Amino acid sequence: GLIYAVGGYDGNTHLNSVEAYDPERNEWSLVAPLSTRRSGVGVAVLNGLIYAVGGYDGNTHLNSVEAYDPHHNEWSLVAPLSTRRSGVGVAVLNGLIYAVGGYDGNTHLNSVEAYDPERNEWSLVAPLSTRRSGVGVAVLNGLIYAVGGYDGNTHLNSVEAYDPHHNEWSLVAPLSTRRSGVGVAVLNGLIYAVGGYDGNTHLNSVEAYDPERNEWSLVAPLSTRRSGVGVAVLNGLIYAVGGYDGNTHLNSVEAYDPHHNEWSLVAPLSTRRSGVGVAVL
């Protein structure tokens, strides 16, 4: 019932702090911080815990992973990834956490690994068609979609879907615009791609993917350009959290109502946060 904003980058320092948003009171409040600073961190919720996957602490890219238990307000480190990953996309499917692409410092990654919490183990599965960091990742109709990103030498409009029963990725319809640092979430059977960076401007635009028609369509843009934005879905709204408009890092937060195709600004974070991980628990 809360939106957690995990780590990020305030323009100055990389952040270990974590804050939670209560929509009934329109307030953020700080809770226990991560064991390490993490920007470009992937976040997902599994079995009542928030996992913070990889990221960048300012002076090394991270393979470490930690889980937050809200009943005890504590983070605990678990098994690390096979490779350091910042700008990594994270989603939960059939009881596993998938870590998709990212950047290890030395190269941008097409590799993908899955975490089983019952064995505390990551294992590598089929890689993406292309290397992708700053990639948005969401689960819809039993597939993991990898949306946009950056392959090292071009920003990407392409999109690919992973079928776990065949261990295969396949390319589908591309976005209208190239998008890295893009936030992605699923609402009423559509995938929304929120903001990002096309290589030469930060984006306020938003588009929605309909899997039945394999088509993206542009909807109402954000109030502000936002790359490195965290996106989550709560009570029928899409929240866009923080990000970077090109010339300042953002503490602002806005919510999208699909029935009215309108974004509205709500209470801002305690800290500016880009490269922030967002999940709902």
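Start at 1 and count along the sequence shown; that's the residue number.
As recorded in the PDB entry, 150-158 is the stretch of 96-104 and 150-158 with the greater mean C-alpha temperature factor.
The PDB entry assigns its highest CA temperature factor, among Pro211, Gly89, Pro174, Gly181, to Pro211. The top Cα temperature factor in the record, among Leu34, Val231, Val41, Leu46, falls on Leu46. Ranked by C-alpha B-factor against the other modelled residues of its chain, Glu254 falls in the lowest third. Compared with the other modelled residues of the chain, the Cα B-factor recorded for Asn12 ranks in the highest third. Sorting the modelled residues of the chain by their CA temperature factor places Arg85 in the lowest third. Ranked by Cα temperature factor within the chain, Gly195 sits in the lowest third according to the deposited record. In the PDB entry, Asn235 places in the highest third of its chain by CA B-factor.
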